[PDB]
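Engineer: Structure supplied as coords-v3.pdb; contents: PDB, C-alpha atoms.
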ATOM      1  CA  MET L   1       0.000   0.000   0.000  1.00  0.00           C
ATOM      2  CA  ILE L   2       1.154   3.525  -0.827  1.00  0.00           C
ATOM      3  CA  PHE L   3      -0.296   6.837   0.359  1.00  0.00           C
ATOM      4  CA  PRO L   4       0.275  10.603  -0.106  1.00  0.00           C
ATOM      5  CA  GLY L   5       3.283  11.331   2.058  1.00  0.00           C
ATOM      6  CA  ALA L   6       5.125   8.111   1.275  1.00  0.00           C
ATOM      7  CA  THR L   7       8.574   8.035  -0.311  1.00  0.00           C
ATOM      8  CA  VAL L   8       8.736   6.160  -3.615  1.00  0.00           C
ATOM      9  CA  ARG L   9      11.358   5.223  -6.186  1.00  0.00           C
ATOM     10  CA  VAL L  10      10.741   5.095  -9.936  1.00  0.00           C
ATOM     11  CA  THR L  11      11.507   1.589 -11.168  1.00  0.00           C
ATOM     12  CA  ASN L  12      10.602   2.210 -14.807  1.00  0.00           C
ATOM     13  CA  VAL L  13      13.836   1.739 -16.743  1.00  0.00           C
ATOM     14  CA  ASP L  14      12.675   3.727 -19.778  1.00  0.00           C
ATOM     15  CA  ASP L  15      12.031   6.856 -17.723  1.00  0.00           C
ATOM     16  CA  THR L  16      14.243   9.836 -16.908  1.00  0.00           C
ATOM     17  CA  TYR L  17      13.664   9.446 -13.168  1.00  0.00           C
ATOM     18  CA  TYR L  18      14.668   5.789 -13.071  1.00  0.00           C
ATOM     19  CA  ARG L  19      16.217   4.899  -9.694  1.00  0.00           C
ATOM     20  CA  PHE L  20      15.427   8.422  -8.483  1.00  0.00           C
ATOM     21  CA  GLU L  21      13.302   8.968  -5.393  1.00  0.00           C
ATOM     22  CA  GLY L  22      10.307  11.214  -4.934  1.00  0.00           C
ATOM     23  CA  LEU L  23       7.431  11.885  -2.580  1.00  0.00           C
ATOM     24  CA  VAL L  24       3.833  10.919  -3.352  1.00  0.00           C
ATOM     25  CA  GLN L  25       1.894  14.145  -3.044  1.00  0.00           C
ATOM     26  CA  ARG L  26      -1.513  12.819  -3.952  1.00  0.00           C
ATOM     27  CA  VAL L  27      -3.377   9.994  -5.606  1.00  0.00           C
ATOM     28  CA  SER L  28      -4.616  11.049  -9.031  1.00  0.00           C
ATOM     29  CA  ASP L  29      -7.280   8.804 -10.579  1.00  0.00           C
ATOM     30  CA  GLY L  30      -5.489   5.670  -9.445  1.00  0.00           C
ATOM     31  CA  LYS L  31      -2.050   7.081 -10.150  1.00  0.00           C
ATOM     32  CA  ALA L  32       0.409   8.745  -7.778  1.00  0.00           C
ATOM     33  CA  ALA L  33       1.773  12.263  -8.170  1.00  0.00           C
ATOM     34  CA  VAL L  34       5.469  12.036  -7.392  1.00  0.00           C
ATOM     35  CA  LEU L  35       7.266  15.194  -6.347  1.00  0.00           C
ATOM     36  CA  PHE L  36      10.985  15.486  -6.896  1.00  0.00           C
ATOM     37  CA  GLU L  37      12.736  18.148  -4.837  1.00  0.00           C
ATOM     38  CA  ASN L  38      16.380  19.284  -4.720  1.00  0.00           C
ATOM     39  CA  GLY L  39      16.167  22.286  -2.406  1.00  0.00           C
ATOM     40  CA  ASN L  40      14.665  24.690  -4.952  1.00  0.00           C
ATOM     41  CA  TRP L  41      14.367  22.712  -8.157  1.00  0.00           C
ATOM     42  CA  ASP L  42      11.287  20.544  -8.447  1.00  0.00           C
ATOM     43  CA  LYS L  43       8.991  18.800 -10.899  1.00  0.00           C
ATOM     44  CA  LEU L  44       5.788  17.021  -9.920  1.00  0.00           C
ATOM     45  CA  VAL L  45       5.252  14.043 -12.213  1.00  0.00           C
ATOM     46  CA  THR L  46       2.351  11.637 -11.882  1.00  0.00           C
ATOM     47  CA  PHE L  47       3.167   7.962 -12.337  1.00  0.00           C
ATOM     48  CA  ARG L  48       1.345   4.700 -11.766  1.00  0.00           C
ATOM     49  CA  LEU L  49       1.507   2.735  -8.536  1.00  0.00           C
ATOM     50  CA  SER L  50       2.847  -0.053 -10.703  1.00  0.00           C
ATOM     51  CA  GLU L  51       5.595   2.342 -11.774  1.00  0.00           C
ATOM     52  CA  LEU L  52       6.786   2.938  -8.230  1.00  0.00           C
ATOM     53  CA  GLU L  53       8.145   1.033  -5.262  1.00  0.00           C
ATOM     54  CA  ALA L  54       8.016   2.209  -1.659  1.00  0.00           C
ATOM     55  CA  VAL L  55      11.285   3.267  -0.058  1.00  0.00           C
ATOM     56  CA  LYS L  56      12.153   3.139   3.641  1.00  0.00           C
ATOM     57  CA  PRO L  57      11.382   6.161   5.881  1.00  0.00           C
ATOM     58  CA  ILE L  58      13.507   7.443   8.755  1.00  0.00           C
ATOM     59  CA  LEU L  59      14.501   4.825  11.312  1.00  0.00           C
ATOM     60  CA  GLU L  60      12.267   5.589  14.275  1.00  0.00           C
ATOM     61  CA  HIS L  61      12.357   3.385  17.352  1.00  0.00           C
ATOM     62  CA  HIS L  62       8.897   1.873  17.641  1.00  0.00           C
ATOM     63  CA  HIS L  63       7.949   0.089  20.859  1.00  0.00           C
ATOM     64  CA  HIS L  64       4.898  -1.259  22.662  1.00  0.00           C
ATOM     65  CA  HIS L  65       4.352  -3.044  25.957  1.00  0.00           C
ATOM     66  CA  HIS L  66       1.737  -5.043  27.822  1.00  0.00           C
TER      67      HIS L  66
END
When written as structure tokens, how does the structure in this file appear?

Structural biologist:
Amino acid sequence: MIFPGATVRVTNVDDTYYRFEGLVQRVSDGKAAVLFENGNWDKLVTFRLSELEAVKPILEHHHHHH
């Protein structure tokens, strides 16, 4: 499952953003709008969910207890 706010990588080899990582901004008619950001430069490009794979977020320490 992927949601707006999840980090994704473009795994489509015939694309310019292959291997590059972006942030899903929104779901658009079954697709996902991926935002690429470099500290000023950006370009929001919508891809398919099939076109993306989910990357790992920051390493938080999750814990629960009973």

Engineer: Run the PyMOL selection byres ((chain L and resi 17) around 12) against the file shown and list the residues it catches, as a list in words.

Structural biologist: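 Expected selection for the PyMOL selection byres ((chain L and resi 17) around 12) here is residues 8, 9, 10, 11, 12, 13, 14, 15, 16, 18, 19, 20, 21, 22, 34, 35, 36, 43, 44, 45, 46, 47, 51 and 52 of chain L.
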
Engineer: Grab the CA of residue 31 in chain L to CA of residue 49 in chain L distance for me, in Å with one decimal place.

Structural biologist: 5.8 Å

Engineer: Between L:26, L:64, L:48, L:56, which has the minimum distance to residue 3 in chain L (counting only C-alpha atoms)?

Structural biologist: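 Smallest separation from residue 3 in chain L among the options: L:26.
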
Engineer: For the file shown, report as a list in words the outcome of the PyMOL selection byres ((chain L and resi 57) around 10) at residue level.

Structural biologist: residues 6, 7, 8, 54, 55, 56, 58, 59 and 60 of chain L

Engineer: Please, what distance in Å, to one decimal, runs between CA of residue 53 in chain L and CA of residue 38 in chain L?

Structural biologist: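 Distance reported for this atom pair: 20.0 Å.
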
Engineer: So what do you get for CA of residue 27 in chain L versus CA of residue 5 in chain L, distance-wise?

Structural biologist: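 If I compute the distance from CA of residue 27 in chain L to CA of residue 5 in chain L, I get 10.2 Å.
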